[PDB]
Structure formats: C-alpha cells, structure tokens
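Numbering (the entry's author numbering), first residue to last: 1 to 34. Report on the structure given below.
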Amino acid sequence: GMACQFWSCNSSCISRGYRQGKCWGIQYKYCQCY
Numbered sequence: 001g002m003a004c005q006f007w008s009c010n011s012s013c014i015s016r017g018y019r020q021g022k023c024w025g026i027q028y029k030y031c032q033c034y
C-alpha cells in the first residue's frame, strides 16, 4: 500500500467515465476526476 497512488486514481476515473484522475490528499481512495 501507498498514500496517493495517482495513476491508480486515473485508471479508476476513466472507468467512471472521466478523461483523467489525480490525487494529493492521503485519505484512502480519495481521488479527483476531470
């Protein structure tokens, strides 16, 4: 495990239907999507 696995947010946001996903906060799976 690691805090803010940024590309793991990206691949997940693309599943939800966004073009990208990123992070910087350390809470578990707290990812933003664009």
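Where a beta carbon is used, it is the ideal one built from N, C-alpha and C, also for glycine.
Give every residue of the same chain whose Cβ lies closer than 8 Å to the Cβ of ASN10, excluding the five residues on either side of it in the sequence, and list them in chain order.
Same-chain partners within the cutoff: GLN20, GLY21, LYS22.
Tell me the DSSP secondary structure of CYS23 in three-state form.
It is coil, neither helix nor strand.
Rounded to the nearest angstrom, how far is the Cβ of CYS4 from that of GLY17, given a contact under 8 Å?
About 22 Å separates the two Cβ atoms, so there is no contact after all.
Using C-beta distances below 7 Å, list every residue in its chain close to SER12, excluding the 5 sequence neighbours before and after it, in chain order.
Correct list, in chain order: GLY21, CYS31.
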